[PDB]
Structure formats: C-alpha cells, structure tokens
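Protein chains in written order, with my numbering: chain A, 1 to 123; chain B, 1001 to 1120; chain C, 2001 to 2120; chain D, 3001 to 3120; chain E, 4001 to 4436; chain F, 5001 to 5048; chain G, 6001 to 6048.
Just below is one structure, and these are the notes that go with it.
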Amino acid sequence: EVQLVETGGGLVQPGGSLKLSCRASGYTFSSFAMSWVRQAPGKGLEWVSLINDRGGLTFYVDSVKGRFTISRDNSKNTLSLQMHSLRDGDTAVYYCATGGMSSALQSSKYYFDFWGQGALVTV
Amino acid sequence: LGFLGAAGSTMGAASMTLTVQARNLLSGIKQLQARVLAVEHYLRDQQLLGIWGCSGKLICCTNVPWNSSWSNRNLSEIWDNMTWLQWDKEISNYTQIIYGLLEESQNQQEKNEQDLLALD
Amino acid sequence: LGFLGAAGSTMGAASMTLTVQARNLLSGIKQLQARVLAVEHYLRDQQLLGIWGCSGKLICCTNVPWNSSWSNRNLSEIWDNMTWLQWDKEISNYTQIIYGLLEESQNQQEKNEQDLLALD
Amino acid sequence: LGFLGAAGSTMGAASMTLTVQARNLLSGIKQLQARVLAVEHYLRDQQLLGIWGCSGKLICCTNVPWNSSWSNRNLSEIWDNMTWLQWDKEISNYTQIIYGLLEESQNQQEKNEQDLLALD
Amino acid sequence: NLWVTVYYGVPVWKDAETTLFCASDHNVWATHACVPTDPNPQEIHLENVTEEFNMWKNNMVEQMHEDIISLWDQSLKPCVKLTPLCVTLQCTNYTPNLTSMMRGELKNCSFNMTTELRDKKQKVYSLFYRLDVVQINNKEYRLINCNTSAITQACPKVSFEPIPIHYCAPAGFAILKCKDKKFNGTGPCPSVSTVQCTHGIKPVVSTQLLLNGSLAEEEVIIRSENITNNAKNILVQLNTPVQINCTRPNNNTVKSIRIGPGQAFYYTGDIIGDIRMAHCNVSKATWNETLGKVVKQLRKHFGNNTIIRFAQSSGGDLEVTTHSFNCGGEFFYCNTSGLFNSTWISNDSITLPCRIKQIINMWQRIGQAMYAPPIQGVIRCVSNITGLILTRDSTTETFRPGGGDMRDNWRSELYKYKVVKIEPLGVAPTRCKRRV
Amino acid sequence: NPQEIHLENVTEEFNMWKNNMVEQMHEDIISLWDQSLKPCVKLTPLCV
Amino acid sequence: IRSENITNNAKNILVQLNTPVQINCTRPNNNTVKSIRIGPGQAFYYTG
Ligand SMILES: *[C@@H]1O[C@H](CO)[C@@H](O[C@@H]2O[C@H](CO)[C@@H](O[C@@H]3O[C@H](CO)[C@@H](O)[C@H](O[C@H]4O[C@H](CO)[C@@H](O)[C@H](O)[C@@H]4O)[C@@H]3O)[C@H](O)[C@H]2NC(C)=O)[C@H](O)[C@H]1NC(C)=O
Ligand SMILES: *[C@@H]1O[C@H](CO)[C@@H](O[C@@H]2O[C@H](CO)[C@@H](O)[C@H](O)[C@H]2NC(C)=O)[C@H](O)[C@H]1NC(C)=O
Ligand SMILES: *[C@@H]1O[C@H](CO)[C@@H](O)[C@H](O)[C@H]1NC(C)=O
Ligand SMILES: *[C@@H]1O[C@H](CO)[C@@H](O)[C@H](O)[C@H]1NC(C)=O
Ligand SMILES: *[C@@H]1O[C@H](CO)[C@@H](O)[C@H](O)[C@H]1NC(C)=O
Ligand SMILES: *[C@@H]1O[C@H](CO)[C@@H](O)[C@H](O)[C@H]1NC(C)=O
Ligand SMILES: *[C@@H]1O[C@H](CO)[C@@H](O)[C@H](O)[C@H]1NC(C)=O
Ligand SMILES: *[C@@H]1O[C@H](CO)[C@@H](O)[C@H](O)[C@H]1NC(C)=O
Ligand SMILES: *[C@@H]1O[C@H](CO)[C@@H](O)[C@H](O)[C@H]1NC(C)=O
Ligand SMILES: *[C@@H]1O[C@H](CO)[C@@H](O)[C@H](O)[C@H]1NC(C)=O
Ligand SMILES: *[C@@H]1O[C@H](CO)[C@@H](O)[C@H](O)[C@H]1NC(C)=O
Ligand SMILES: *[C@@H]1O[C@H](CO)[C@@H](O)[C@H](O)[C@H]1NC(C)=O
Ligand SMILES: *[C@@H]1O[C@H](CO)[C@@H](O)[C@H](O)[C@H]1NC(C)=O
Ligand SMILES: *[C@@H]1O[C@H](CO)[C@@H](O)[C@H](O)[C@H]1NC(C)=O
Ligand SMILES: *[C@@H]1O[C@H](CO)[C@@H](O)[C@H](O)[C@H]1NC(C)=O
Ligand SMILES: *[C@@H]1O[C@H](CO)[C@@H](O)[C@H](O)[C@H]1NC(C)=O
Ligand SMILES: *[C@@H]1O[C@H](CO)[C@@H](O)[C@H](O)[C@H]1NC(C)=O
Ligand SMILES: *[C@@H]1O[C@H](CO)[C@@H](O)[C@H](O)[C@H]1NC(C)=O
Ligand SMILES: *[C@@H]1O[C@H](CO)[C@@H](O)[C@H](O)[C@H]1NC(C)=O
Ligand SMILES: *[C@@H]1O[C@H](CO)[C@@H](O)[C@H](O)[C@H]1NC(C)=O
Ligand SMILES: *[C@@H]1O[C@H](CO)[C@@H](O)[C@H](O)[C@H]1NC(C)=O
Ligand SMILES: *[C@@H]1O[C@H](CO)[C@@H](O)[C@H](O)[C@H]1NC(C)=O
Ligand SMILES: *[C@@H]1O[C@H](CO)[C@@H](O)[C@H](O)[C@H]1NC(C)=O
Ligand SMILES: *[C@@H]1O[C@H](CO)[C@@H](O)[C@H](O)[C@H]1NC(C)=O
Ligand SMILES: *[C@@H]1O[C@H](CO)[C@@H](O)[C@H](O)[C@H]1NC(C)=O
Ligand SMILES: *[C@@H]1O[C@H](CO)[C@@H](O)[C@H](O)[C@H]1NC(C)=O
Ligand SMILES: *[C@@H]1O[C@H](CO)[C@@H](O)[C@H](O)[C@H]1NC(C)=O
Ligand SMILES: *[C@@H]1O[C@H](CO)[C@@H](O)[C@H](O)[C@H]1NC(C)=O
C-alpha cells in the first residue's frame, strides 16, 4: 500500500540545476526516515543522501556534499532534492526510499525498506 | 568598580563585570520569608538558563536569529553607545517572545543530539 | 497541552513536553516549611542529575546498558504503547539499582577524563 | 566506607569518595533558619563552581598554574602521604588568592570562546 | 543494544500529604490570612488518565479542619473576656402569661456587674435564654459555662458569614479533580483533570442538614465509607436544592454597658412587640420529592422491596440532636422531627421550631466558650439544603439524622480533589549511547 | 567598614512620598515598642 | 575526674563513676489528695 512517486525534470546542460521531489502515501510520512539512492544507467546502486524523520539532520556522500540539498515537508508528505552544478557523472535514475535511519526511541533500521518508481536525470 | 559599578558604563564595558554581580545575588519570620524568596528567584533564573542550554555559563551563544523588529540598531550603537538599563527598557516588550524561542531551539537541539548518538 | 497534559500520552509523545513540567517545579510557618522542603527536593534531584554527569540537560544519554531483567520489552511497546506512569510502576523495584550504576559510571568516566588531560 | 570514612585516608584515596559526601550535603523557627542557611551555603558553593567553569563536575581541571609558593611539595608526598585535612591547613592562607585567579581565568576563556564562535 | 537514558520533567506523580495554602477574595474568616486568587485559573483535562480516589482518606479535610479552627480561635483573641459574668443571677420569667412554645423561655435576670472603677458595682437587668442559664438554688441561677469553662465575648464587628476559601497546592504538587458525575467518593475516576487550586468552598458550619454548597449534577449520590457498617455516616448529596426560610421574629433591643477599662458587654435589653418563636420553613412538596429520591437511591444498596423508614434523632447534646446553624449571627437549633418521620414501602409548609443559645461551645471542645452578642432587630435568612447526614439504626431499615463532627461537612466538597507529588525524574531504555 | 559605590553615569528617579521603607520602619518601630512593654506590670489595680 | 582547670578552686569537678551506686528514695506518707474548683474551669489540688 506504500506508494512513493518521484517527479522532476530530465535533461539539463552542465552547470544547471534541478529540483526533484517525491510524493509519499500509504504510511505515516513523519514516522520514517527518507533517503535518495541513484543508479547510473550502466552501474549498480549508489546511496546519495539521507534525511531523518523530522528533517533536522541530513547526510550526503562526499561527492555531492557541497552540491545537493535534501529537504522534506511532513505536512505535505513531500520530499525534495535540489541539485546544483549538475556534472556529467550525475546522470542516473534517482529513487526515493523509506528507511536508512531511526530516531533512538524506535528500533534500528540501517536498511532501505520501501523503494519508489524512480526518475531518470541526465546531463 | 564593584557591585553595579558598571551600571552607567556601555554594554560592551559592563559585559566584563558579570562575576562581580553574580557573586552578590546570594550574598523574624518576614526576613526568613525574604531569604526563601531570594533563593526561589535565584533558582528560577538558573532553571531558565538550564532550559536554554546554558548551565555553568555567564555568556552563552544561541541559534535564535535576531528578528530586527525587536531592535533594528547597529552593533556599533548598542555595545559602544548604550547601557544595559537603556537596552532593557528598549526591548522590555519582547523578552517573553525571545525566551520562548530559546526554549524551543534547545528542545530541537537536544533531540537532535540524541539522534546523533543512536548512529552506530 | 499544559502541565501534566501529556500524562495520558505515550512515553514517546510525553518526552517532548519536559520543559512544560520542568518550569512548574519552582512555580504561616507551615507554608514556609513547605516552600523550603520544595526547594530541598528540587536541589536533591538536581544533585542526582549532576552526579550522573547530566547538568543543563533534560534528556541525557549514559553508558549503563539495560540489563533486560529490569524490563524485557521491545522499544516498540515502551515508547509507542505505554505511558510514563505505567513504566514508573513497572520498574519501581529497580530505581535504586540503576541510579547506583549511573553514579559509578560517571565516577569512572570523570577519572578517565582527568587521565586523558595529563598526556602531554 | 561511608560519609567521612576516607577522612583519615590519603588525598589520592579520599578523592574516589566524592559522591558519598556530596550526597550528604543536602540530606521550630531556629531549625527552619538552619535549613535555609544550609541551602544558601550549598548554593554559594555551587555558584563558585559555576563561575570557575565547573558545572556538573566533582573533579575539574583548570588553566591556573601552581605557583610553588603556595606549596612546594612533590606530588608523591601530597597525594600518597597526606590527608585532605592536613592539606587544607597547609594552604588555608592562599585559598582566597587561588579562587580569584580561577575566576579571572574563566572570564578570559569565556570571552575567547565567544570570539571563536564569531568567525564565519 | 539498549542503554539507560535519564529524563527530567517526566509526567508522573505519587500520592503525597503536604501543606496547602489558601487564597481568597470584619469577618471571622478573612483574606489577610490568604493570598489573592487567580482571576483566570486553569484546568487541564487528562484525556487518558484514570486515578483512584478515596474521599475517606483525603488529608485535605484534616488540614481544612485545623485551619478553620485556628482562624476561629484567632478571631476571638482581640475580644472581651467575660469573667465578671460568672456571678449569681436572680431571675424571673420575662413573660409568664404566654401560652406559646416559649413559655418558660427568656428569663429576666438581675446581677451585680463590675464597671470601669474597681470600687463601684452596677446593677444590670438582662434577658437570657433558658438554655444558657442553669438553676443552682426571684430564683438563683448561674451561667451554664461556670461549671466547665470561661467565656470570651465575640467581637460585635466581626462577621460570621462564610467566605469561600480556595485551597492551593505548593510548587512541586498538583491537585487532581475527578470530574465524574456518578462518583461515589471512592474508586477510579476515568476523567481526571489537573488544577492548581480548588473551587471556593464556603466554611458553612451545620449539623444534620448541609446548607449551601454544591449540588449533584445528575442524581442524588449516596456516599459512605462502608454502607454495611452502621457505625459510619452516610452523606447524601442532592441534585436539587431545597429552600429553607429561617427567622428570629423578635425585635430585640440591645443595650451595652462598660465592664472595665476599655471593655464593654452587650446584652438584650428588651423586646419590642409580641414575643414569638424562631423557626424555619421547608415546603412539603419539595421535601417529599427529595425524600422519594433519597429512598430510590438507598434501595440500590439495601435492595428493593426493603422498607426505608426515616425517624427523628435520639439522644445526645442539642449540637447533634437538632439542626444547628448560624443564621445572621444567631445560633439556631431546629428540632427537625417534622422532616424525618415516615415509612417508605415498595403553601403547605413544614415549620420547624428552633431554639437559640448565646453560649456556644463550638468544634466539640470543652474549656473555650463563646458568647454571641444579640443582634438588634428581626433576623431572616434563606438557605439552600444541598445534602443530608444520615445514620442507619429484618425487613425495615431506619435512618436518623446524625452529625456533629464538622469534618463530615467538609468531606463533602473536598471529595473530588486529590493532592499528588510530582516525580519529574525517571529513566528508560533507548539506543542512545554517551559518546565517551 | 560598609561600602558605597558611586555610579558615574546613572540617573534615577526618586519619590520620597511613595518610598515603602517608611512603612516598614513605622511597623518595625511600633512592633519593638509593643514588645518592650510585654514583660512589664499591668496597672489594672489603679483604675480606682 | 574532669575539670576545666583542677588547680582553680572556683571551678567544679565532675566525677564520672565506673559503677552505679543504687539509691532507694521514699515518701512513706499515704497522702489523701482533695480537689476544689477555684474558678470557671479551673481546679486546685491539695493534700487533704
Ligand atoms: C447560605 O447562603 C445565603 C446567601 O448567601 C445566606 O443568606 C444570606 O446571609 C447574609 C448574612 O446574614 C445576608 O446578608 C445580610 O442581609 C441583611 C439584610 O437586612 C443585612 O442587614 C446584613 O448586614 C448587617 O449584618 C452584617 C453582618 O452580617 C453587617 O456587616 C452589616 O453592617 C449589617 O449590620 C447582611 O447584609 C443575606 O441577605 C442572606 N441572603 C438572603 C437571600 O437572605 C445563608 O445565611 C447561608 N447559610 C448559612 C448557614 O450561612
Ligand atoms: C423535637 O420535637 C419532638 C416532637 O415533635 C420531640 O419529641 C417529643 O418529646 C415529648 C417529650 O418532651 C414526647 O412527649 C413526645 O411524644 C415526643 N414526640 C415524638 C414524635 O417523638 C423531641 O424531643 C424534640 N427534640 C428536641 C431536641 O427538642
Ligand atoms: C561615564 O561616562 C564617561 C563619558 O561621559 C566615561 O568616560 C566614563 O568611563 C563613564 N563611567 C563609567 C563607570 O562607565
Ligand atoms: C519577526 O516578528 C514579526 C512580528 O512578531 C513576525 O511577524 C515575523 O515573522 C518575525 N520574523 C520571523 C523570521 O519569524
Ligand atoms: C549602520 O550600518 C549601516 C551600514 O549597513 C550604516 O549605513 C549606518 O550609518 C550605520 N548606523 C550607525 C548608527 O552606525
Ligand atoms: C510596549 O508596548 C506599549 C503598548 O502596549 C507601548 O506603549 C510601549 O512603548 C512599548 N514598549 C517599548 C519599549 O516600545
Ligand atoms: C488518548 O488516547 C487516544 C487513543 O485512545 C489518543 O488518540 C489521544 O491522543 C490520547 N491523548 C493524549 C493527551 O495523549
Ligand atoms: C542483571 O541483574 C541480575 C540480577 O540482579 C544480575 O545477576 C546480573 O548480573 C545483571 N546483569 C549484569 C550484566 O550485570
Ligand atoms: C520484539 O522484537 C522481536 C524481534 O526480536 C519480535 O519477534 C517480537 O514480536 C517483538 N515484540 C513486540 C511486542 O513488538
Ligand atoms: C517488587 O517486589 C515485590 C516483592 O518484594 C513484588 O510483589 C512487586 O510486584 C515488585 N514490583 C514489580 C513492579 O514487579
Ligand atoms: C589508616 O592508616 C593505615 C596506615 O597507617 C592504612 O593502612 C589504613 O588504610 C588507613 N585507613 C583509612 C581509612 O584510610
Ligand atoms: C607567586 O606568588 C608570589 C607572592 O604572592 C608572587 O610575587 C609571584 O608573582 C607569584 N607567581 C606568579 C607566576 O605570578
Ligand atoms: C621531589 O622530587 C625531586 C626531583 O626533582 C627529588 O630530588 C626529591 O627527593 C623529591 N622529594 C620527595 C619528598 O619525594
Ligand atoms: C598564615 O599566616 C600567618 C601569619 O599571618 C601564619 O602565622 C600562619 O602560619 C600562616 N598559615 C600557614 C598554613 O602557613
Ligand atoms: C447585688 O448586691 C447586693 C449587695 O450589694 C445584694 O443585696 C443583691 O441581692 C445583689 N443582687 C443580685 C442580683 O445578685
Ligand atoms: C456540670 O458539669 C458536669 C460535667 O462536667 C455535668 O455532668 C453536670 O450535669 C453539670 N451540672 C449541671 C447543673 O448541668
Ligand atoms: C463506590 O463504587 C465502587 C466501584 O467503583 C464500589 O466498589 C464501592 O463499594 C462503592 N461505594 C459506595 C459507598 O457505594
Ligand atoms: C466494613 O467494610 C469492610 C470492607 O472494607 C467489610 O469487610 C466489613 O464487613 C464492613 N463492616 C461491617 C460492619 O460490615
Ligand atoms: C426585669 O424585672 C424588673 C423588675 O424586677 C423590671 O424593672 C425590668 O424592666 C425587667 N426587665 C425587662 C427587660 O422587662
Ligand atoms: C422563602 O421566601 C421566599 C420569598 O423571599 C418565598 O418565595 C419562598 O417560597 C419561601 N420558601 C419557603 C420554603 O417558605
Ligand atoms: C408524601 O410522602 C408519602 C410517604 O410517606 C407518599 O406516600 C406521598 O405520596 C407523598 N406525597 C407527595 C405529594 O409527594
Ligand atoms: C431490584 O433488585 C435487583 C437485584 O436483586 C435488580 O437486578 C433490579 O434491577 C432491581 N430493580 C429496580 C427497579 O431497582
Ligand atoms: C411519627 O413518629 C412516630 C414515632 O415517634 C410514629 O409512630 C408515627 O407513625 C410517625 N408518623 C408517620 C406519619 O409515620
Ligand atoms: C423595633 O421597634 C422599633 C420601635 O421604636 C422600630 O423603630 C424598629 O423598626 C423595630 N424593628 C423592626 C425590625 O421592625
Ligand atoms: C440555591 O441554588 C440555586 C441554584 O440551584 C442558586 O441559584 C441560588 O442562589 C441558591 N440559593 C442560595 C441562598 O445560595
Ligand atoms: C586532660 O588531659 C590533657 C592531656 O591530653 C591535659 O593536658 C589536661 O590538663 C587534662 N585535664 C584534666 C582536668 O585532667
Ligand atoms: C587556670 O588554668 C590556667 C591554664 O589554662 C592556669 O594558668 C591558671 O593558673 C589556672 N587557675 C588557677 C587559679 O591556677
Ligand atoms: C485542721 O484543723 C481543723 C480544726 O481547726 C480540723 O477540723 C481539720 O480536720 C484539720 N485538718 C486536718 C487535715 O486534720
């Protein structure tokens, strides 16, 4: 019953920017941590970013730490990821996922649970 | 200068005498009641400092931005050209707003600290 | 919700209202004695928090592991499906054991900190 | 050993029983006055610890060097071959000097911390 | 996996007994002994909190009792000590030709009273009630107190009208309110709310019938420590008031004489007009409906097809055999045997004769007597009857008026409130580990 | 050796007619006066 | 033997014994006590 649907733009030129978003339904959005994972067309999966259930703590891979911003709105059940610079190495299908973190008073996750449809971003 | 000696000095001068006055906050049924009340006031101020995340500190920095409407003065005209009595009068209408924001800020930070300590 | 408003809420909901109740712990010889006793109780609780290494904190984490025999429940049935009154009753027989362990843990950590500050 | 049990032990042995005695500082108009005075003394000692930068601590290290004239003994003859009563008598003439230096040291460090937090 | 995490400010509490303070907003009870009230007090409903209450073990009643007695005694300290009045009195009947129920009551007594100077004496004539004067053997009489206690004359400028007193908890404590509508004084309350102060409770002093105060909201509530133990009192809280109209029809003329250097004694000088008896009126229809409701509720504890009989009180002092109350400063002792006589088997007023006394031995004590000065003119008061104190005496149960223990007049308002101590410190397992 | 600390740039508004130190001084003096007459002789035999 | 001075004869000497000495005291008279009322709620006791 959990539905995660990614939206956003497709092809941009080097040096541009894109804001991707994820609409969530079928579960309490504010009860789970959320993350973004990407897969280059010819590669495996790579974790990109993680945001906790309250939106206060964000983590990134070093390769995007100074370029990507992750945010969430728990009243709109919406995530967004704003990417700047947009390098050639960032071409990938980006997936919205539920899991990857917990909040001390909940049991541990340390895994990705629900995955979205995915959206392809090219440069 | 001694207790309250800096009262007529500028805010940036009087900020260096905080220990002089802090040490003078603690130093016949009506007189005993007065002593108990003085203790209660001391503890209430210490409780407010603790809630805001300022324990053994006389000067502590926070994460609440100044909203300008509280006072739109330059730093050069507050710390160098104003006393603490004038400042206290100037923002007396906002002290119950700022304190509330301070409590909320600590509540968020304290929870964030707990979450950062649950990552293996 | 106000003072004790979260008393019927779950532990993980009531944990977000700690400042509301903390601020209400401080706020005719018998009445003066009652006020002095209330101050003494406040200070004794603050002393216990200080001994455990928790000064200006409402939520503080420690290094004492949970021993399971105290309560072998899942986190999902304590923070989400239980109140603080029920929890307090459930472990009322162990509160004098846990506190002792907490004091010992801080005593070891405090000494360790001193030793780490003596390395040139 | 219990309250004051380490009084006859060496300084380096008695330093491990600080919580035992700290917990015994808090635990009929004249008797009520005695209770209020005991509270005031407790708070004055806590205020001195706070001013020096030692909040929730029983052992805290500082940046004031030992000036030798206060006591020119070896560490091996203070912590291993002396009691706290003998030490207290030995330096009773210098306790109002050391404390003053401690207050000044914290005042400098606290201001330095503020300046380190103003660098973007 | 889990570590101990310490929380301060935890919403838990434990049963506790502490000292409460009063708030209120001359009079025998006063506001200078209390603090100002909060014009906008708060009440916080606890949506999922169910607490166990026991009105019979509620220590707020003992404190209220002690505080009321202390205020009463303090209000009589700066007043006149009537030691010059323990003298031989020479009395005759004031109106010996009456055929009413006051024949033999109100004696015209003469005595040699002291005055400002120690060398002189003043002959004084005054009227006393029969109940205040004991025959020793015009005939020789003494005041009833000379046998056991001294009398203090209450100050005539200090009112006896009850002033609502709000009891407030000290910091660190809270008062829980039941807020249930069918709560019988014991057991759980699933609708507990937290308050800082109680409502204003009037310190009304009465026996048998409880005058003024709060009413039940849905039905008559029968409250008892045991029900089956006939040695306990039954407190009946009515859901409708019954109005009682009490009067002291005699137009008393009050005189005042000086009995010492700065002290004066007040007494009834004469009575203008006809001599009439003090009395109270309760309507028959309202009282009959009230008893019908009380019987209906009593049949839920003693079963149906059980005959419920009401009867007048039996022995003891007037304080417990009659309905004692303060009406406009006078102390009425109403018979009530017209109100409690009936057997219940599965505008037409009732007039209750009332006696008046001037020498009062209040709070079931010996050695501290009070003299109530007479009040000029005719006295009338209208009160609400809000509850009853009954005692239980086969197929028929007999209930009689009881009372005299003032704590049962207060353990009737302070029944929905409990005092608890806040325990803000606690621990719980989490996955949060100290960095170290 | 009591101290007095001059406030070089402090100007304050005073009002001697609303100064609550006077009411306390009055109450304290009356209370001391009455306390000093408690362990003394009551001349009630002289109202002759 | 405990004393503030020993040599100063103006001081008391407190002697603490290491064994008790028993002392048996009696009031052999079989007194009959009477009571009379002397005021409104007061009574005086005396040997009758
Ligand atoms: C239950 O509550 C009712 C209602 O409050 C109460 O009846 C009321 O009692 C008061 C006090 O006796 C009445 O107020 C008096 O009214 C008369 C009218 O002539 C006044 O003269 C009185 O003033 C004189 O007495 C004062 C001292 O009490 C003096 O201070 C004053 O200067 C005057 O000398 C006083 O105002 C009030 O009228 C009645 N209410 C009604 C509707 O009659 C009843 O007594 C309560 N029950 C019990 C058991 O107390
Ligand atoms: C209250 O009034 C009742 C009467 O209504 C009194 O009871 C009566 O007492 C007389 C003796 O004085 C008996 O002869 C009557 O037969 C009694 N009547 C009833 C119905 O019992 C009662 O004693 C009065 N109580 C007080 C305290 O005065
Ligand atoms: C008072 O103001 C003058 C300037 O007008 C300044 O020089 C002086 O230091 C001030 N005094 C204090 C105690 O701040
Ligand atoms: C500053 O204060 C005004 C008035 O209270 C408020 O409307 C505004 O939102 C505040 N600024 C911020 C950033 O919240
Ligand atoms: C405050 O700073 C601004 C620069 O942003 C300057 O133009 C203005 O004159 C300053 N005012 C004062 C009082 O220093
Ligand atoms: C606070 O608000 C009042 C109006 O309610 C205003 O008169 C007063 O000047 C304000 N205080 C300040 C320091 O501006
Ligand atoms: C009381 O419990 C209900 C669930 O039965 C919950 O929805 C509600 O929020 C609770 N109230 C509080 C104050 O926790
Ligand atoms: C847990 O508690 C039991 C009973 O007190 C004790 O025997 C056991 O050693 C404890 N666990 C640890 C790890 O100490
Ligand atoms: C607790 O966790 C275990 C997994 O180790 C699970 O099997 C069990 O059902 C859980 N109990 C509850 C009440 O969640
Ligand atoms: C505490 O121990 C007693 C036995 O001494 C036991 O009856 C009680 O249930 C225990 N408490 C809990 C919460 O288990
Ligand atoms: C007292 O001194 C002896 C050595 O003379 C030492 O062995 C002993 O531990 C000391 N006692 C305490 C309580 O320190
Ligand atoms: C040590 O104390 C002496 C005497 O007070 C003083 O002259 C000397 O300067 C002190 N040492 C230092 C380093 O200040
Ligand atoms: C103190 O240390 C010195 C070495 O600097 C040594 O010569 C001296 O004997 C020591 N004294 C004691 C009492 O240990
Ligand atoms: C402190 O100084 C006095 C002289 O004023 C001296 O007699 C005393 O011995 C000194 N104390 C110590 C511990 O040396
Ligand atoms: C009053 O005293 C006189 C004597 O002076 C005495 O004859 C008279 O009977 C006394 N009257 C009363 C009422 O006691
Ligand atoms: C006098 O008091 C006693 C009890 O103290 C009582 O039994 C007796 O009846 C009283 N005398 C009269 C005449 O009432
Ligand atoms: C009051 O109700 C409780 C049930 O909650 C019952 O056990 C108790 O006996 C009742 N008491 C009376 C006097 O009705
Ligand atoms: C009083 O109540 C208890 C129950 O609390 C009951 O066992 C006892 O029988 C009652 N008393 C009488 C006389 O029945
Ligand atoms: C009492 O009787 C005397 C005569 O013995 C009379 O003069 C006086 O008026 C009477 N008192 C009253 C109130 O009528
Ligand atoms: C009491 O008096 C009022 C008039 O003030 C009257 O309306 C009412 O019916 C009376 N009640 C009784 C029981 O006589
Ligand atoms: C009055 O009470 C009696 C019970 O003795 C009852 O039979 C009668 O019907 C009642 N009358 C009214 C009008 O309530
Ligand atoms: C009569 O009593 C029985 C209990 O024996 C009860 O079940 C029934 O409801 C009662 N009837 C009425 C009308 O109270
Ligand atoms: C009134 O009480 C008497 C007993 O004192 C009783 O015989 C009589 O029947 C009662 N009256 C009514 C109407 O029941
Ligand atoms: C009592 O009688 C006097 C006669 O002078 C009259 O003036 C007064 O009004 C009467 N009192 C009442 C309450 O009617
Ligand atoms: C009697 O109760 C009604 C409400 O039921 C109230 O309005 C009225 O004022 C009360 N009467 C008295 C004298 O308190
Ligand atoms: C008590 O003993 C001390 C020796 O410790 C001695 O100096 C003193 O004089 C003695 N006093 C008496 C009264 O024996
Ligand atoms: C009292 O004691 C002192 C020593 O403390 C001694 O010098 C003095 O002589 C004594 N008094 C007499 C009278 O000897
Ligand atoms: C005292 O003497 C009288 C005679 O003067 C005598 O009657 C009385 O009994 C004596 N008292 C005693 C106690 O013997």
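Note that the Cβ used here is the ideal one computed from N, Cα and C, for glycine as well.
Just checking residue 2010 of chain C against ligand 7 - is the residue's beta carbon closer than 8 Å to any of the ligand's heavy atoms? Yes, ligand 7 has a heavy atom inside 8 Å of this Cβ.
Can you tell me the Cα-Cα spacing of residue 3048 of chain D and residue 4202 of chain E, whole angstroms? Taking the straight line from one Cα to the other gives about 50 Å.
Could you spell out where the alpha helix (DSSP H) holding residue 1111 of chain B opens and where it closes? Run containing residue 1111 of chain B: 1095–1116, per the alpha helix (DSSP H) assignment.
Could you please give the first and the last residue of the uninterrupted beta strand (DSSP E) stretch that includes residue 4052 of chain E? Residue range 4051–4054 is occupied by the beta strand (DSSP E) that includes residue 4052 of chain E.
Going by CA-CA distance only, name the one from B/1095, B/1009 and B/1043 that's closest to residue 2024 of chain C. Of the candidates B/1095, B/1009 and B/1043, the one whose C-alpha sits nearest the C-alpha of residue 2024 of chain C is B/1043.
Count the other CB atoms within 10 Å of the CB of residue 52 of chain A; is the residue buried (16 or more) or exposed (fewer)? Burial of residue 52 of chain A is indicated by the presence of at least 16 other C-beta atoms within 10 angstroms of its C-beta.
Contact set, ligand 15 heavy atom to C-beta under 6 Å: Taking a cut-off of 6 Å from the heavy atoms of ligand 15, the residues with a C-beta inside it are E/4088, E/4090, E/4110, E/4111 and E/4112.
Tell me the residue span of the alpha helix (DSSP H) that contains residue 6 of chain A. Not the alpha helix (DSSP H): residue 6 of chain A falls in the beta strand (DSSP E), residues 3–7.
Is there contact between the region 1077–1084 of chain B and the region 1009–1023 of chain B, where contact requires at least three CB pairs shorter than 8 Å? With a cut-off of 8 Å, the region 1009–1023 of chain B and the region 1077–1084 of chain B count as touching, because enough Cβ pairs lie within range.
CA nearest to the CA of residue 4406 of chain E, picked from E/4208, E/4107 and E/4170: It is E/4208.
Is there at least one Cβ from chain F nearer than 9 Å to residue 4223 of chain E's Cβ? No, residue 4223 of chain E lies away from the interface with chain F (no Cβ there is under 9 Å from its Cβ).
If you measure from the CB of residue 4328 of chain E, is any heavy atom of ligand 24 nearer than 8 Å? No; taking the cut-off as 8 Å, the Cβ of residue 4328 of chain E has no heavy atom of ligand 24 nearer than that.
When the distance is taken between beta carbons, is residue 1103 of chain B closer than 9 Å to residue 1052 of chain B? Yes, these two residues count as a Cβ contact at 9 Å.
Against chain C, does residue 107 of chain A count as a neighbour if the rule is that its beta carbon must be under 9 Å from one of theirs? Judged by the 9 Å Cβ criterion, residue 107 of chain A is in contact with chain C.
At a Cβ cut of 8 Å, what residues of the region 10–27 of chain A count as close to chain E, listed as they run along the chain? Residues of the region 10–27 of chain A that bring their beta carbon within less than 8 Å of a beta carbon in chain E are absent altogether.
Should residue 88 of chain A be labelled buried (16 or more other beta-carbon atoms within 10 Å of its own) or exposed? By the neighbour-count rule (16 or more Cβ atoms within 10 Å), residue 88 of chain A is not buried but exposed.
Residue 4103 of chain E: buried (16+ other C-beta within 10 angstroms of its C-beta) or exposed? Residue 4103 of chain E should be labelled exposed.
Return the chain-ordered list of same chain residues with a C-beta closer than 7 Å to the C-beta of residue 2022 of chain C, the five sequence neighbours on each side being excluded. Excluding positions up to five away in sequence, the list reads 2058.
Give me the chain B residues within the contact set of residue 5007 of chain F, using Cβ-Cβ distance strictly less than 8 Å, ordered along the chain. Simply 1004, 1005, 1007 and 1008.
May I have all residues whose beta carbon comes closer than 6 Å to any heavy atom of ligand 24, sorted in chain order? Residues flagged by the Cβ proximity filter: E/4251, E/4272, E/4377 and E/4378.
Using three-state DSSP, classify residue 6034 of chain G as helix, strand or coil. Note: residue 6034 of chain G maps to strand in three-state DSSP.
CA-CA distance, residue 4196 of chain E and residue 4410 of chain E? Cα to Cα, residue 4196 of chain E sits roughly 19 Å from residue 4410 of chain E.
Taking just the CA atoms, how far does residue 4173 of chain E sit from residue 3087 of chain D? Looking at the two C-alpha atoms, the distance is approximately 45 Å.
Assuming residue 4167 of chain E contacts residue 4060 of chain E (C-beta within less than 8 Å), just tell me the rounded distance between them. Correct: roughly 7 Å between the Cβ atoms.
For the region 16–83 of chain A, which segments carrying the alpha helix (DSSP H) assignment without a break, of at least 4 residues, lie completely within its bounds, in sequence order? You should have found no qualifying run.
Who are the neighbours of residue 1050 of chain B on chain C, taking C-beta pairs under 7 Å? Residues of chain C passing the Cβ test: 2056.
Buried or exposed: which applies to residue 4420 of chain E, given that a residue is buried once 16 or more other Cβ atoms fall within 10 Å of its Cβ? Classification of residue 4420 of chain E: buried, given that the 10 Å Cβ count is 16 or more.
Which residues in chain E have a C-beta closer than 8 Å to the C-beta of residue 1117 of chain B? List them in chain order. The contact set of residue 1117 of chain B on chain E, defined by CB atoms closer than 8 Å, consists of 4432, 4433, 4434 and 4435 in chain order.
Could you tell me which of E/4150, E/4314 and E/4049 sits nearest to residue 6043 of chain G, measuring between CA atoms? Ranking E/4150, E/4314 and E/4049 by Cα distance to residue 6043 of chain G puts E/4150 first.
On the criterion of 16 or more Cβ atoms from any shown chain inside 10 Å, does residue 6023 of chain G qualify as buried, or is it exposed? Exposed, because fewer than 16 other Cβ atoms sit within 10 Å of the Cβ of residue 6023 of chain G.
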